[PDB]
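Structure first, then comments.
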Amino acid sequence: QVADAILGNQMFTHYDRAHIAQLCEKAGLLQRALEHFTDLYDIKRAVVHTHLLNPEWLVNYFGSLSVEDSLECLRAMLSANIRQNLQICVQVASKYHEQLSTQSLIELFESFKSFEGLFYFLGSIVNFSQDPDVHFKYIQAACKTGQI
């Protein structure tokens, strides 16, 4: 109970992250576990579990942010395509896309179904932005379920 608070206080800075992580690992303390996971980066395990577990949110943002391996996260999300991470994945699209609106990103959306979420997402973003073709592929997606 006092672990998180101490973590914000001085345990994080003076106690040594990997060990603490290991302990939390053995503990499975997801708010803290996630912190450690971030710090201990067994990323595959951290992603699988967060999709699985009913997760904390801010930490989610940071780990999501923390890191051009959202490639890995999407891969997990596709493995674990749950309605949870779809719009969520879109949300954090406005976390990684917003720093680099990568075509690779939009591509992987198109890789599987291209349902709604990144579609809606560049609904406003690459909209008011250039690509005729993104608009076009966008339209085509809007043709997956045509809604004139």
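Read-outs: derived from the displayed coordinates by stated rules, not from any lab. Backbone-built Cβ (ideal geometry, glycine too); neighbour counts: all protein chains shown.
Treating the Cα atoms of the chain as identical point scatterers in vacuum, please give the log10 of the normalised Debye intensity I(q)/I(0) at q = 0.15, 0.16, 0.17, 0.21 Å⁻¹, two decimals. Here the Debye-derived log intensity ratios amount to -0.78, -0.85, -0.92, -1.24. Here's the picture: a label point sits 7 Å out from the Cα of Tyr120 along the beta-carbon direction, and within the range 54-76 the residues with their amide nitrogen under 20 Å of it are 55, 57-58, 61, 74.
Just want to confirm a number: the relative contact order over the range 76-148, from Cα pairs under 8 angstrom separated by 6+ residues, in percent.
Values: 25 pairs, mean separation 19.4, N = 73.
About 27 percent, as a whole number.
For the range 1-47, the C-alpha radius of gyration sits at 1.04 times the compact-globule guess of 2.2 N^0.38 Å, with N the residue count. All other residues whose Cβ lies under 9 angstrom from that of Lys137 are scored, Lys and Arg at +1 and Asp and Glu at -1, for a net of -3.
Less than 13 Å Cβ to Cβ from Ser64, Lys/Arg counted +1 and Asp/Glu -1: what total charge do the surrounding residues give?
On the way: positive: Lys95; negative: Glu56, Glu68, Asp69, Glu72, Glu98.
Overall, the nearby charge balance is -4.
Rounded to two decimals, the Cα-based Rg/Rh of the range 67-148, with Kirkwood Rh, is 0.94.
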